[PDB]
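Only one structure is covered here, and it is reproduced in the block below.
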Amino acid sequence: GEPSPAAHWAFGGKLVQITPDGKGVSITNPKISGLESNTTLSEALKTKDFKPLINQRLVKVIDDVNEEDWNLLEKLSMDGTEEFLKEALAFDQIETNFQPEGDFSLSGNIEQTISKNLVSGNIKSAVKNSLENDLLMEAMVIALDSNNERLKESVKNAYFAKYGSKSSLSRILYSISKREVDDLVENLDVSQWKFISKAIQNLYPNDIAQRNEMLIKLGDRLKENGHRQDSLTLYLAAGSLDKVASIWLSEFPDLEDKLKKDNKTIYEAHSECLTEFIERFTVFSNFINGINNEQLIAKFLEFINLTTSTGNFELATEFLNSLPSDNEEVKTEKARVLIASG
Amino acid sequence: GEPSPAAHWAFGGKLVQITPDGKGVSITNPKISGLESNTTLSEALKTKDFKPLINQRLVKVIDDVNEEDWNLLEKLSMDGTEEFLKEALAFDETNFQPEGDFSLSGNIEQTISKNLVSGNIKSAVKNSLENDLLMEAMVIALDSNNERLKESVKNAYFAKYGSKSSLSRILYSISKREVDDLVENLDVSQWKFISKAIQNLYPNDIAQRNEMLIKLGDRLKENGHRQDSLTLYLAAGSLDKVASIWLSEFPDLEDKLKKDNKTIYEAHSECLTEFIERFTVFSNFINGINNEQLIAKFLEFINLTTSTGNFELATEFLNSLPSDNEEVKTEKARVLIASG
Amino acid sequence: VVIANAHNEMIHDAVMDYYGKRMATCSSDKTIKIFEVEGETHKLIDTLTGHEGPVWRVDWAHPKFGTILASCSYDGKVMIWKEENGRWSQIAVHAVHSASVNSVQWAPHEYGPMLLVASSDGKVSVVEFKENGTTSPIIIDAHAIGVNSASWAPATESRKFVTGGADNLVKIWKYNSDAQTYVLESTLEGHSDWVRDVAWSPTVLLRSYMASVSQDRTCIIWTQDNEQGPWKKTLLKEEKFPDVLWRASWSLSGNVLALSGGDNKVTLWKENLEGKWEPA
Amino acid sequence: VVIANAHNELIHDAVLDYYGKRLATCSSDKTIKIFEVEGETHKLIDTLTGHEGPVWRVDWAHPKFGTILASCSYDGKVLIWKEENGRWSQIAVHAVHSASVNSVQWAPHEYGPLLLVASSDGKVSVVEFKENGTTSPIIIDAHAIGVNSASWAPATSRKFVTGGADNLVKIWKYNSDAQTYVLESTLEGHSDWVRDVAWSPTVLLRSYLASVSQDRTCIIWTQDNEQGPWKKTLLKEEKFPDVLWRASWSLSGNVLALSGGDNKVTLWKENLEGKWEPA
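Protein chains in written order, with PDB author numbering: chain C, 378 to 469, 493 to 690, 694 to 745; chain A, 378 to 469, 495 to 690, 694 to 745; chain F, 2 to 157, 169 to 292; chain B, 2 to 157, 170 to 292.
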């Protein structure tokens with residue numbers, strides 16, 4: 378029977394204790410240095426104005442990659458998704497005088513047989529002979545006068561068959577002529593990506609699914625070839641929040657290790673890394689076109708928990724509602740918060 | 378007053394004399410060995426079957442050249458005009499699979515590539531031509547419909563090749579739907595070709611088709627292709643050209659005959675006959694009088710014929726002459742009374 | 002959010018449901034009270050009665066088994082009451098010990114509807130509530146003079173719980189299907205006087221954290237890393253807190269120390285980067 | 002085709018016209034007769050009367066002047082005749098000679114309606130028929146003893174050959190500074206009277222003349238060109254059986270028709286050698 382505050386912590390960051398007179402009860406929400414309710418995020422997520430959050434994060438960014446990220450977000454918040462994509466995918493007669501002169505003559509069985517096909521009004525065969533013999537321009541100059549297709553192309557396929565492997569320009573011509581981009585998306589130098597990108601757009605203007613499938617493919621290459629910032633660009637334009645979540649989910653562990661070295665405790669490290677991971681994501685997730696990822700869900704659920712402890716049941720509810728109500732965890736949690744806040 | 382036959386010759390090759398009784402007159406048509414009415418001609422000109430006539434001249438032809446003409450006519454006889462000009466004017495890798503990495507090397511390539519994708523098919527060609535990427539310029543154009551562009555390149559190919567390649571110069575002509583160039587400069591040896599380029603470009607404009615065929619014949623004949631220029635003429639329906647050639651070849655022909663042990667008359671006689679039978683049979687297969698000398702020599706054969714008594718064959722040739730010529734007029738009248 | 006003067010007699014415990022919407026107060030008046038808390042409001046519902054001596058501590062069961070609150074009193078008995086139909090009734094009465102029972106906490110729902118009872122009768126009991134009503138009790142002697150605390154260890169057999177001695181000794185107990193009951197493990201010594209309270213943390217991080225408060229007027233945070241690993245004694249401070257130390261509580265997450273003194277002041281503590289402790 | 006008994010007195014001339022269909026005869030009966038021969042038939046058409054002596058010869062004119070016939074006779078005159086509207090009538094009469102006229106011949110139609118006349122009086126006359134009708138001729142002394150024939154050379170400049178009883182053959186050409194036909198060449202070669210002379214109408218470079226004589230020989234005179242002389246060439250090395258009386262050239266082929274006294278007609282042509290032979 379000795380007096381005592383008999384405290385206990387409780388869900389939501391509430392502390393209970395018996396009052397000094399020992400006949401009453403107090404219930405408060407203590408101040409823990411370094412532990413405040415994320416008001417900016419609550420605001421931003423309510424307003425849909427991330428300018429304030431972007432700037433707060435931009436003022437004390439950690440490593441450079443991250444800085445580039447928030448820098449990206451900054452520009453993306455001013456110019457707006459569409460205007461950003463336009464500025465991030467953008468790029469930095494003749495001589496005719498021939499007069500026949502003097503006497504000439506056909507020489508050789510080749511020159512002589514092609515002409516026999518021309519006058520004999522046998523244009524079809526004239527083209528074949530020009531080809532079986534290395535008279536390419538010839539066949540072209542000829543077909544370029546006919547309106548036959550199956551032929552008008554036989555000349556083309558011959559041009560590719562022996563020059564496509566010898567000239568890049570030739571190879572590009574191949575895909576265009578054949579109305580494809582796989583080759584350019586798959587093998588063209590990752591440096592000319594703006595050309596591929598642009599190429600994908602001009603081939604699938606009405607097939608947004610295909611376009612995105614290609615832009616994401618090109619996106620993967622850039623990333624896998626030291627072009628992280630550009631990969632985010634193509635992913636954004638393809639509306640693939642998944643890929644950006646993976647790039648970011650993977651670079652997570654290291655990020656929390658550099659913060660660990662900044663003389664931060666295990667809690668301090670984990671906490672800041674998570675919150676910053678979530679902020680960067682909530683923001684970016686606002687300018688894209690989109694939660695199934697298992698890893699992603701567990702962190703949102705990790706953010707929820709840090710959230711409810713700052714007491715901000717409201718913000719917590721916001722995030723729980725973005726998760727698949729099919730997860731008996733997200734389900735259970737919803738219950739707790741609900742009952743706790745309402 | 379002494380007695381005497383008092384013989385006289387009269388038109389039609391008739392001989393008038395006085396009977397020994399001194400009281401009678403006797404008209405006749407003496408047999409002059411060497412002179413014989415031309416039956417074959419009269420009979421073939423009616424039955425229009427010169428098989429025999431042709432077979433006669435052929436079997437008794439003179440110099441080598443003459444033989445060709447009659448042979449030209451011997452075969453023209455069987456096969457027919459149309460079928461002849463036929464046998465006489467005819468003649469004897496895809497795939498590629500791209501592989502591995504690659505990249506736009508250079509400014510040229512990059513500029514053209516950007517053009518393409520940026521749906522700017524027009525500029526791609528401009529940038530191409532302003533470089534020696536003609537092959538490509540052509541490939542792009544072989545994909546659009548735009549004619550002016552689909553043609554700005556042809557005129558660009560020829561611009562620097564139609565002069566270093568005979569086939570290039572020929573294309574230049576086939577392209578621009580013309581023959582003037584071939585017809586006037588392509589080697590005469592490949593005439594059977596300049597021949598097909600006329601029937602090919604002017605298949606529905608005969609006046610022009612024949613003006614060109616003619617323009618060629620003249621060139622052949624004037625450059626050692628005598629036999630051939632006749633074939634072209636035979637197809638252009640220009641009996642006048644064939645007539646003119648034959649009238650110039652006349653003299654030398656009468657000379658080779660005069661050296662063949664024949665009197666000035668036998669030669670002159672034989673010659674004008676061969677020419678007339680050769681001209682008649684030829685004018686009978688082509689699509690054809695306004696040539697003076699021809700007329701002049703036509704009249705000549707008339708007299709030799711009347712002198713044979715064959716007034717019928719004489720009238721036939723009289724008819725074919727322009728009833729505008731007085732000599733033709735007079736003889737027309739004379740032959741009439743003489744026979745009628 | 003004060004609930005001024007909830008009782009007449011001095012209050013001995015203030016605990017809330019898992020959803021901090023309903024409280025529970027217990028005092029010497031041998032009575033416990035249920036509550037509703039909102040923004041600053043406090044609706045008083047029933048008042049639990051059947052306890053002969055002063056009620057000591059109480060503990061809210063997991064919602065998993067409905068609304069249940071257990072209380073232990075000097076009367077050597079712990080009692081639980083459910084709230085079927087919004088009306089509080091006494092479900093079962095547990096009185097195996099012979100003398101005051103000073104602590105009673107519930108086992109993580111995973112384990113089940115288990116209750117850990119620590120009496121001053123020197124023994125401790127483990128009781129799970131079957132169906133029909135009759136439970137299978139488990140008792141085992143734990144300390145010399147008596148027992149003052151009996152906090153549980155998170156789920157992982170592998171069922172552990174710390175005990176605070178009346179004889180100054182803190183212990184660790186782990187189930188054992190072969191022993192049929194929880195047997196001893198550690199025996200961490202450290203306090204010169206009696207172990208007033210000991211609470212075990214739920215912080216699943218790399219190392220285990222255990223708190224021990226005592227009449228010796230000090231807290232010894234027992235940190236261990238793995239099976240082998242021994243527990244590292246650690247003075248929350250190399251001085252004495254002016255008065256005793258009655259309670260120690262662990263925060264849900266962020267692992268912060270709630271140390272309810274005796275000088276009537278509550279202090280909060282955290283382990284800075286090195287591994288020591290500081291306020292908050 | 003024979004027309005026996007066309008006359009009862011001996012006949013001296015029978016000539017067919019431009020169409021070689023209209024016959025005409027003359028003889029001692031002092032008359033001319035017009036005939037129309039076809040296949041092997043004939044029909045008299047008239048009998049010309051006027052000559053006071055046997056008629057020696059007749060010559061049909063070119064159709065472009067009308068249907069005329071000229072005749073000459075031992076009576077020393079020449080009568081032209083016409084068949085206008087279907088009946089023959091003496092239009093004009095030429096008589097400037099004082100002895101038998103033995104030949105008469107119409108010039109080439111190009112010269113107009115001119116007549117070449119030769120007489121036993123030794124002279125030759127050239128006659129045209131004025132715009133009004135009358136006649137203003139050319140009279141030349143052309144042979145001693147008598148002239149028996151005269152023939153016109155073909156047209157280009171106008172020439173004609175005569176044949177006298179002085180055994181000579183003679184070419185004549187018209188001259189301006191004389192307004193008469195002047196003696197161009199005298200050809201010697203017969204040893205007796207020349208009975209007839211015929212200038213061939215052949216249009217070849219070479220000119221051909223044929224003279225016939227009382228000496229039983231025919232001579233073909235030829236002239237290569239203006240610079241050439243008239244070369245003599247006997248028709249045949251051996252003399253003939255009787256007197257040759259006439260010579261006539263065909264219109265084509267340059268074939269000569271010789272009329273002998275043995276009342277026989279021989280025909281000749283030229284060969285590679287330039288010598289004659291039976292055609």
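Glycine is no exception: its CB is placed at the ideal position from the N, C-alpha and C atoms.
At a beta-carbon threshold of 7 angstroms, none of the residues of chain C lie near A/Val442; the nearest stands roughly 27 angstroms away. DSSP lists B/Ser104 and B/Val125 as the beta-bridge partner residues of B/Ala119. At a cut-off of 8 angstroms between beta-carbon atoms, A/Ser414 makes no contact with chain B. A contact is defined here as three or more CB-CB pairs under 8 angstroms, and the stretch 27 to 43 of chain B fails this definition with respect to the stretch 281 to 289 of chain F.
Contact residues of the stretch 532 to 563 of chain A toward chain C are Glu532, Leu535, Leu536, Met537, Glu538, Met540, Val541, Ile542, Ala543, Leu544, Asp545, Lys552, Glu553, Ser554, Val555, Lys556, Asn557, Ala558, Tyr559, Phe560, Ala561, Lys562 and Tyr563 (C-beta to C-beta distance below 9 angstroms). Spatial neighbours of B/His203 in its own chain (CB-CB distance under 6 angstroms, excluding positions within 5 residues in sequence) are listed in chain order as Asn180, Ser226 and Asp228. From the beta-carbon of F/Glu283, the residues of chain C found nearer than 8 angstroms are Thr665.
Around the beta carbon of F/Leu218, fewer than 16 other beta carbons sit within 10 angstroms, so the residue counts as exposed. Taking 8 angstroms as the CB threshold, C/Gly401 lines the interface with chain F. Taking C-alpha positions only, A/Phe706 is separated from B/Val216 by approximately 14 angstroms.
Boundaries of the beta strand (DSSP E) harbouring B/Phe173: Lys172 to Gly177, taken from the DSSP string.
For B/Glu37, the uninterrupted beta strand (DSSP E) segment begins and ends at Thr32 to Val38. By the neighbour-count definition (other C-beta atoms within 10 Å, threshold 16), B/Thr48 is an exposed residue. The Cβ atoms of F/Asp122 and F/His98 sit closer than 8 angstroms to each other. For the stretch 513 to 534 of chain C, the set of residues with a beta-carbon nearer than 7 angstroms to any beta-carbon of chain A comprises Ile514, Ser515, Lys516, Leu518, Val519, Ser520 and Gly521, in chain order. The Cβ of C/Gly714 sits no closer than 8 angstroms to any Cβ of chain A. Secondary structure at F/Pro64: helix, using DSSP grouped into helix, strand and coil.
For B/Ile140, same chain residues with a beta-carbon under 7 angstroms away, outside a window of 5 residues either side, are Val97, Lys124 and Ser126 in chain order. For F/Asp14, the enclosing beta strand (DSSP E) stretches over residues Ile12 to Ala15. C/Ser403 carries a strand assignment under DSSP once its states are collapsed to helix, strand and coil.
Beta-bridge analysis with DSSP links C/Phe504 to A/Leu588. For the stretch 496 to 509 of chain C, the set of positions with a beta-carbon nearer than 7 angstroms to some beta-carbon of chain A reads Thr496, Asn497, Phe498, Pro500, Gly502, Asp503, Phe504, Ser505, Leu506 and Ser507 in chain order.
Residues of the stretch 242 to 268 of chain F that bring their beta carbon within less than 8 angstroms of a beta carbon in chain C comprise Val256, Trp258, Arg259, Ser261, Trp262, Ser263, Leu264, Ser265, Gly266, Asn267 and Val268, in sequence order. Contact with chain B is absent for A/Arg579, since none of that chain's Cβ atoms lies less than 8 angstroms from the residue's Cβ. Spatial neighbours of F/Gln91 in its own chain (CB-CB distance under 7 angstroms, excluding positions within 5 residues in sequence) are listed in chain order as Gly51, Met80 and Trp82.
Following the DSSP letters along the chain, one finds F/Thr32 inside the beta strand (DSSP E) bounded by residues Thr32 to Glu39. With contacts defined by Cβ atoms closer than 8 angstroms, C/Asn415 and C/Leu718 form a contacting pair. Per DSSP, B/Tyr221 is one residue of the beta strand (DSSP E) stretching across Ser220 to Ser226.
With 16 or more neighbouring CB atoms inside 10 Å of its own CB, A/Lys391 falls in the buried class.
DSSP, read as helix, strand or coil, puts A/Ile409 in coil. Contacts with chain F at 8 angstroms (Cβ-Cβ) do not include C/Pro429. Annotation: Cβ neighbours of A/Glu511 in chain C (cutoff 7 angstroms, chain order): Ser568 and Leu569. Within chain B, no C-beta atom comes less than 7 angstroms from the C-beta of A/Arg680; the nearest is roughly 22 angstroms away. Using a Cβ distance threshold of 8 angstroms, C/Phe388 and F/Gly21 count as a contacting pair.
Neighbourhood of C/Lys598 in chain A, by CB distance below 9 angstroms: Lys516, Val519 and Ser520, in chain order. Only residues of its own chain outside the window of five on either side were considered, and among them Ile232, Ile233 and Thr235 have a CB closer than 7 angstroms to the CB of F/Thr246, listed in chain order.
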